[PDB]
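Analysis of the macromolecular model
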Number of protein chains: 2
Amino acid sequence: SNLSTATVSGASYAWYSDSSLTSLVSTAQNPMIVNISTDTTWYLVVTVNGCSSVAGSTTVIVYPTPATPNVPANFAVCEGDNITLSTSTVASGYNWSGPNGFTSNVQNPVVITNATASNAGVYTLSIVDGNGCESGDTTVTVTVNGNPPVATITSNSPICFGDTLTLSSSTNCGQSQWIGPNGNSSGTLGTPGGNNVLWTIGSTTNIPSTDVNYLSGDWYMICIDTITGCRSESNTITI
Amino acid sequence: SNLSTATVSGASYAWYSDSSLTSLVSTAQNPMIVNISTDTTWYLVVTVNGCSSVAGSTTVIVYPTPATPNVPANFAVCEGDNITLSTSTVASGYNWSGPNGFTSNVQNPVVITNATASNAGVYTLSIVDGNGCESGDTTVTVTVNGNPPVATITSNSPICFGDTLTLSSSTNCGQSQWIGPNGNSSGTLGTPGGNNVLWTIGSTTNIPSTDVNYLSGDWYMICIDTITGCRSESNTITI
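Under the annotation held in the PDB entry, chain A carries the name The grappling hook protein A (GhpA) in the bacterium Aureispira sp. CCB-QB1 and is attributed to Aureispira sp. CCB-QB1. The title assigned to this entry in its PDB record is "CryoEM structure of the fragment-6 (3571-4078) in the grappling hook protein A (GhpA) in the bacterium Aureispira sp. CCB-QB1".

Shown next as structure tokens:
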């Protein structure tokens, strides 16, 4: 900040760091005070033609520290899905930075699509207040879950009507959701486990010849990780 | 704002915050008044060679607050369609901001095409008046409706003439609009429900062998959500 006092003919200006007037900081009508972190008072003695007056003074007041921004809780995204960052606070401008060179100046940054491992890491946000002061750093940790591998489906494809159709794969997936000629509708792919032939636990299923799903055509398997929440595809197999 | 008074030889300038002249604000021929939010009057006493005159004064007048912009009512768009933002007001410049990093400086921003979930959220508009003052923030909330899933159609495809043709799917859609070899014209796809074989309630239809639509060839199903207004496609099925 820049202090300003009266210009007086014949004057010598002595600025002091303390009211005791024992130690000088400057000699000017308009001195600058730098690196101010706390309120600070400067005292001024003006001596004219040898006559030293009572020191005058003023205190430079430091604006309050701006509030910390509001950001989301640590999240998790599955690879290939989107990462959305946002804040709910109000600022004269925003400053986001992060993994893979990510940067933004708004309260709703462009969504990172097709997120992958390189987008994982810590995203940081600071904001600028109305008078230009920058606030502190709040962070969001983003983890990116990998997908399970693509499964390979094998089957007893050349099957005679009336026999049992077996579909299987070697991949150790979780809830195997099988998709056949009847589609992948939420009405047919009902609650997993039990006796649901189309949504099994473990990479295998056996469709009886009397079952509604004992159909020819192109089948695929979706691997579901019951811990992570990620899914992966499989090869098309013709039955 | 910057006040300006007469420069007088031998003068000392004392500016006061009140007509009572008990508290000083500055000492200059041309002082600046800052952070003005209300009309404010400064008073000036000029003392020359020890003679103090009657204080002069002036009031800094604050321009009126600019009017709030006119924007559309909360709207809704179906995914894949366009989001159009606009305002009907007049400004020296416009300032739009929103989801996915959206920004614009005009009264007709570029249309956001192929809108999706990431474009949903609150869009905000402020404007700048003729003298440079910014107005308040008015908003438009935009919601983006998801589409129903793609349906899978199955049928008794290898059918002998004279029998009944059944088309169905497992997807729980609303008004199933069936499109066959006769096209999807507004004249054939008449009022839904009743006995309209091509526009049914629920995912199924039965076409009699005596019906005009008992045709071979490539059929598809359009799923219509009667609450949302969104539509989705289906696989081509050959009959």
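The next point concerns the overall build of chain A. Scanning chain A for helices and strands turns up zero helices and 18 strands. For 239 residues, the compact-globule estimate of 2.2 N^0.38 gives 18 Å, and the C-alpha radius of gyration of chain A, at 36 Å, exceeds that figure by more than 25%. Principal-axis analysis of the C-alpha atoms places the extent of chain A at approximately 120 × 25 × 25 Å. Residues classed as buried in chain A amount to 36% of the 239 residues present. As displayed, chain A offers around 13000 Å² of accessible surface, 49% of which is attributable to carbon and sulfur atoms.

With that settled, the discussion passes to the state of the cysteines. All names here are of chain B. For the coordinates displayed, the defined rule picks out four disulfides over all chains. Each sulfur in the disulfide pair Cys78 and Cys230 lies 2.0 Å from the other. Because the sign of the S-S torsion sets the handedness, a value of about 135° for the bond joining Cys78 and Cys230 places this disulfide among the right-handed ones. Of the two residues, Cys78 sits in strand β6 (residues 75–78) while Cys230 sits in the loop between β16 (218–224) and β17 (231–232), which places them 152 residues apart along the sequence. Bridging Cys173 to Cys223, the disulfide has an S-S length of 2.0 Å. The S-S bond linking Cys173 to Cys223 shows a torsion near 55°; that makes this disulfide right-handed. Residue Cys173 is located in the loop between β12 (165–169) and β13 (175–179), and its partner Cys223 is located in strand β16; the two are separated by 50 residues in the primary sequence.

All names here are of chain A. Across the sheet, which stays open at both edges, the five strands sit in the order β6-β10-β9-β7-β8 with mixed pairing between neighbours. Every other strand in the sheet has two partners, leaving β6 (75–78) and β8 (103–104) as the edge strands with one partner each. As paired strands, strand β7 (residues 93–97) and strand β9 (residues 121–128) are joined by five bridges and run antiparallel to one another. Of the residues in β9, the one forming a bridge with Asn95 is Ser126.

With that out of the way, let us pick up unusual backbone geometry. Residue and element names in this part refer to chain A. Residue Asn35 is not a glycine yet carries a positive backbone phi of 55°. Note that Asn35 resides in the loop between β2 (24–26) and β3 (40–48). Taking relative accessible area as the criterion, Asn35 reaches 75% and is therefore assigned exposed.

To continue, consider the interface of chain A and chain B. Each partner contributes to the interface: chain A provides nine residues, whereas chain B provides nine residues. Summing both sides of the interface, chain A and chain B together bury roughly 680 Å²; the carbon and sulfur share of this comes to 50%. Inspection of the region where chain A meets chain B yields three residue pairs in polar contact. Across the side of chain A that touches chain B, the residue classes tally to four nonpolar, five polar and no charged.

The rules behind the values
- Residues numbered from 1 in each chain as written, not as in the entry; some residues may be left out.
- Chains lettered and ligands numbered in written order.
- Part of a larger assembly, values for the part shown.
- Heavy atoms only, no water.
- Helix = DSSP H or I, 4+ residues; strand = E, 2+ residues; numbered from the N terminus.
- Rg over C-alpha atoms; globule rule 2.2 N^0.38 Å.
- Buried < 20%, exposed > 50% of the residue type's maximum accessible area, 1.4 Å probe, protein only.
- Areas by Shrake-Rupley, 256 points an atom, 1.4 Å probe, with all protein chains shown as cover.
- Disulfide = S-S within 2.5 Å.
- Pairing = 2+ DSSP bridges.
- Contact = heavy atoms within 4.5 Å.
- Buried area = accessible area lost by both parts, 1.4 Å probe.
- Polar contact = N/O pair within 3.5 Å; in protein donor to acceptor, adjacent residues only side chain to side chain.
- Nonpolar A, V, L, I, M, F, W, Y, C, P; charged D, E, K, R; others polar.

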